[PDB]
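Comments concern the structure below.
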Amino acid sequence: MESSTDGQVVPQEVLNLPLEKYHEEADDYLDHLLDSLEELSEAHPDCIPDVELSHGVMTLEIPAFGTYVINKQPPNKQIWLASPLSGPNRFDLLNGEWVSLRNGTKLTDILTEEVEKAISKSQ
């Protein structure tokens with residue numbers, strides 16, 4: 001986390017779907033996810049959490065409720081949210097908003113509400 005890179009294989013997206021926008025949002029989305037969790041687990045975790053970042057995947061281990069994961073490297077275009085147990089959520093991109101259920105629920109919404117009621121359920 002400090003270096004930089006680039007990947008421009010000719011303006012082949014300008015004629016088709018907004019590929020650049022997809023890599024920009026998805027890149028910032030996953031990055032911001034592991035960035036916030038990393039700072040929260042390092043600044044004030046709880047027991048011994050672990051934030052891992054993979055190419056198109058955001059692993060987040062939580063030694064209290066389980067392990068949360070969020071990737072977007074499907075055979076098409078979606079964000080899989082691996083629950084703290086073993087339940088990936090296939091979220092679809094919505095004009096810049098990943099929601100599941102043909103437009104019903106949101107990722108950060110289910111993850112924030114789930115983790116909130118999962119960690120607060122006791123505290």
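Residue numbers start at 1 in each chain; chains themselves are named A, B, ... in the order of the structure tokens; ligands are numbered from 1 in the order shown.
Proximity to residue 84 in chain A at 12 Å, evaluated using only C-alpha atoms and with sequence-adjacent residues fewer than 6 positions away removed, yields residues 59, 60, 61, 62, 63, 64, 65, 66, 67, 68, 69, 70, 111, 114, 115, 118 and 119 of chain A.
With only C-alpha atoms as the basis for measurement, A:83 is the residue among A:83, A:54, A:76, A:8 that approaches residue 110 in chain A most closely.
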Name the residues of chain A that fall into strand (DSSP E or B) according to DSSP on the backbone, using the chain letters and numbers of this document, as a compact mmCIF listing (two decimals) with N, CA, C and O atoms, in the first residue's frame.
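The result, written out as selection06.txt:
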```
# COMPACT_ATOMS: atom_id res chain seq x y z
N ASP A 50 -8.59 -9.72 11.08
CA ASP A 50 -7.62 -9.74 10.00
C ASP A 50 -8.25 -9.29 8.69
O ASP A 50 -9.17 -9.92 8.18
N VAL A 51 -7.74 -8.18 8.14
CA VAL A 51 -8.25 -7.64 6.89
C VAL A 51 -7.34 -8.00 5.72
O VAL A 51 -6.22 -7.49 5.63
N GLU A 52 -7.82 -8.86 4.84
CA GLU A 52 -7.04 -9.28 3.68
C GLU A 52 -7.65 -8.73 2.39
O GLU A 52 -8.87 -8.70 2.23
N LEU A 53 -6.78 -8.30 1.48
CA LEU A 53 -7.23 -7.74 0.20
C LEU A 53 -6.65 -8.53 -0.97
O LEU A 53 -5.44 -8.61 -1.14
N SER A 54 -7.53 -9.12 -1.77
CA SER A 54 -7.11 -9.91 -2.92
C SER A 54 -7.61 -9.28 -4.22
O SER A 54 -8.49 -8.42 -4.21
N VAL A 57 -11.19 -9.19 -4.44
CA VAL A 57 -11.75 -9.81 -3.24
C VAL A 57 -11.33 -9.06 -1.99
O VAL A 57 -10.19 -8.59 -1.89
N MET A 58 -12.24 -8.95 -1.03
CA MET A 58 -11.96 -8.26 0.22
C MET A 58 -12.28 -9.15 1.42
O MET A 58 -13.42 -9.20 1.89
N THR A 59 -11.27 -9.86 1.91
CA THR A 59 -11.44 -10.75 3.05
C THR A 59 -11.36 -9.98 4.37
O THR A 59 -10.47 -9.15 4.55
N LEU A 60 -12.28 -10.27 5.28
CA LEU A 60 -12.31 -9.61 6.58
C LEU A 60 -12.64 -10.60 7.69
O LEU A 60 -13.81 -10.89 7.94
N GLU A 61 -11.61 -11.11 8.34
CA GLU A 61 -11.79 -12.07 9.43
C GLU A 61 -12.13 -11.36 10.73
O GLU A 61 -11.48 -10.39 11.11
N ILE A 62 -13.17 -11.85 11.41
CA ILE A 62 -13.60 -11.26 12.67
C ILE A 62 -13.77 -12.32 13.75
O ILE A 62 -14.78 -13.03 13.80
N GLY A 66 -17.43 -14.09 13.09
CA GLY A 66 -17.08 -14.90 11.93
C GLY A 66 -16.10 -14.19 11.01
O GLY A 66 -15.23 -13.46 11.47
N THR A 67 -16.25 -14.42 9.71
CA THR A 67 -15.37 -13.80 8.73
C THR A 67 -16.17 -13.23 7.56
O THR A 67 -16.83 -13.96 6.83
N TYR A 68 -16.09 -11.91 7.39
CA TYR A 68 -16.81 -11.24 6.31
C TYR A 68 -15.92 -11.10 5.08
O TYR A 68 -14.75 -10.75 5.18
N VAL A 69 -16.50 -11.36 3.91
CA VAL A 69 -15.77 -11.26 2.65
C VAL A 69 -16.62 -10.61 1.57
O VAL A 69 -17.84 -10.80 1.52
N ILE A 70 -15.97 -9.83 0.71
CA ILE A 70 -16.67 -9.15 -0.38
C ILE A 70 -15.81 -9.09 -1.64
O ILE A 70 -14.82 -8.37 -1.69
N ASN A 71 -16.20 -9.87 -2.64
CA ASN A 71 -15.46 -9.91 -3.91
C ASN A 71 -16.37 -9.54 -5.07
O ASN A 71 -17.60 -9.56 -4.95
N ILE A 79 -21.06 -8.40 -7.05
CA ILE A 79 -20.25 -8.41 -5.84
C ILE A 79 -20.74 -9.47 -4.86
O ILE A 79 -21.84 -9.36 -4.31
N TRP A 80 -19.93 -10.50 -4.65
CA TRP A 80 -20.28 -11.58 -3.73
C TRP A 80 -19.87 -11.24 -2.30
O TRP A 80 -18.69 -11.03 -2.02
N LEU A 81 -20.86 -11.17 -1.41
CA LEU A 81 -20.60 -10.85 -0.01
C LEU A 81 -20.65 -12.11 0.85
O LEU A 81 -21.72 -12.58 1.22
N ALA A 82 -19.47 -12.65 1.17
CA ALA A 82 -19.38 -13.85 1.99
C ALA A 82 -19.68 -13.54 3.45
O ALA A 82 -18.94 -12.81 4.11
N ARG A 90 -24.67 -12.22 -3.87
CA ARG A 90 -24.45 -11.72 -5.23
C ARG A 90 -25.16 -10.39 -5.44
O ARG A 90 -26.34 -10.35 -5.79
N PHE A 91 -24.44 -9.30 -5.23
CA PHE A 91 -25.00 -7.96 -5.39
C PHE A 91 -24.77 -7.45 -6.81
O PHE A 91 -23.68 -7.58 -7.36
N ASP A 92 -25.81 -6.86 -7.40
CA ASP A 92 -25.72 -6.32 -8.75
C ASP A 92 -25.51 -4.81 -8.72
O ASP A 92 -26.07 -4.11 -7.88
N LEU A 93 -24.71 -4.31 -9.65
CA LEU A 93 -24.43 -2.88 -9.73
C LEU A 93 -25.67 -2.11 -10.16
O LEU A 93 -26.34 -2.47 -11.13
N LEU A 94 -25.96 -1.03 -9.44
CA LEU A 94 -27.12 -0.20 -9.75
C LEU A 94 -26.73 1.27 -9.87
O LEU A 94 -26.55 1.96 -8.87
N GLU A 97 -24.56 1.67 -7.48
CA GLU A 97 -24.99 1.13 -6.20
C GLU A 97 -25.23 -0.37 -6.30
O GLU A 97 -26.12 -0.82 -7.02
N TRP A 98 -24.44 -1.15 -5.57
CA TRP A 98 -24.57 -2.60 -5.57
C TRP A 98 -25.72 -3.04 -4.68
O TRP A 98 -25.66 -2.92 -3.46
N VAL A 99 -26.78 -3.56 -5.31
CA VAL A 99 -27.95 -4.03 -4.58
C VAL A 99 -28.38 -5.41 -5.05
O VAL A 99 -28.23 -5.75 -6.22
N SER A 100 -28.91 -6.20 -4.12
CA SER A 100 -29.36 -7.56 -4.45
C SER A 100 -30.88 -7.64 -4.44
O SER A 100 -31.56 -6.82 -3.82
N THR A 105 -32.12 -4.77 -1.72
CA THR A 105 -31.20 -4.56 -0.61
C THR A 105 -29.82 -4.14 -1.12
O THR A 105 -29.46 -4.41 -2.26
N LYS A 106 -29.06 -3.48 -0.26
CA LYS A 106 -27.72 -3.02 -0.61
C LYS A 106 -26.66 -3.76 0.20
O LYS A 106 -26.93 -4.25 1.30
```
Among chain A, which ones does DSSP place in helix (DSSP H, G or I), written as a VMD selection string? chain A and resid 19 to 43 107 to 119
Can I get the selected residues back with C-alpha atoms, as a PDB file, in the first residue's frame?
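Everything below was put into out.pdb:
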```pdb
ATOM      1  CA  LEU A  19     -15.319  -0.432 -18.272  1.00  0.00           C
ATOM      2  CA  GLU A  20     -13.141   2.371 -16.907  1.00  0.00           C
ATOM      3  CA  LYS A  21     -15.970   3.439 -14.598  1.00  0.00           C
ATOM      4  CA  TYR A  22     -16.440  -0.166 -13.478  1.00  0.00           C
ATOM      5  CA  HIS A  23     -12.784  -0.544 -12.494  1.00  0.00           C
ATOM      6  CA  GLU A  24     -12.799   2.905 -10.890  1.00  0.00           C
ATOM      7  CA  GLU A  25     -15.850   2.362  -8.685  1.00  0.00           C
ATOM      8  CA  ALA A  26     -15.150  -1.304  -7.948  1.00  0.00           C
ATOM      9  CA  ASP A  27     -11.514  -0.455  -7.221  1.00  0.00           C
ATOM     10  CA  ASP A  28     -12.410   2.379  -4.847  1.00  0.00           C
ATOM     11  CA  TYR A  29     -15.232   0.325  -3.337  1.00  0.00           C
ATOM     12  CA  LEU A  30     -13.088  -2.679  -2.418  1.00  0.00           C
ATOM     13  CA  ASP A  31     -10.130  -0.488  -1.460  1.00  0.00           C
ATOM     14  CA  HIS A  32     -12.238   1.735   0.797  1.00  0.00           C
ATOM     15  CA  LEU A  33     -13.758  -1.406   2.313  1.00  0.00           C
ATOM     16  CA  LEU A  34     -10.468  -3.016   3.343  1.00  0.00           C
ATOM     17  CA  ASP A  35      -9.103   0.426   4.208  1.00  0.00           C
ATOM     18  CA  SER A  36     -11.882   1.202   6.689  1.00  0.00           C
ATOM     19  CA  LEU A  37     -11.885  -2.298   8.182  1.00  0.00           C
ATOM     20  CA  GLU A  38      -8.090  -2.293   8.437  1.00  0.00           C
ATOM     21  CA  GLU A  39      -8.086   1.013  10.319  1.00  0.00           C
ATOM     22  CA  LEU A  40     -10.975  -0.125  12.518  1.00  0.00           C
ATOM     23  CA  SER A  41      -9.300  -3.449  13.304  1.00  0.00           C
ATOM     24  CA  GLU A  42      -5.940  -1.766  13.893  1.00  0.00           C
ATOM     25  CA  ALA A  43      -7.243   1.304  15.723  1.00  0.00           C
ATOM     26  CA  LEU A 107     -24.349  -4.511   0.336  1.00  0.00           C
ATOM     27  CA  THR A 108     -23.018  -1.980   2.843  1.00  0.00           C
ATOM     28  CA  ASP A 109     -26.622  -2.001   4.056  1.00  0.00           C
ATOM     29  CA  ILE A 110     -26.803  -5.725   4.810  1.00  0.00           C
ATOM     30  CA  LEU A 111     -23.206  -5.797   6.044  1.00  0.00           C
ATOM     31  CA  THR A 112     -23.655  -2.777   8.313  1.00  0.00           C
ATOM     32  CA  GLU A 113     -27.018  -3.938   9.657  1.00  0.00           C
ATOM     33  CA  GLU A 114     -25.894  -7.559   9.966  1.00  0.00           C
ATOM     34  CA  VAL A 115     -22.628  -6.764  11.747  1.00  0.00           C
ATOM     35  CA  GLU A 116     -24.418  -4.170  13.873  1.00  0.00           C
ATOM     36  CA  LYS A 117     -27.097  -6.566  15.120  1.00  0.00           C
ATOM     37  CA  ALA A 118     -24.486  -9.330  15.229  1.00  0.00           C
ATOM     38  CA  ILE A 119     -22.040  -7.459  17.459  1.00  0.00           C
TER      39      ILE A 119
END
```
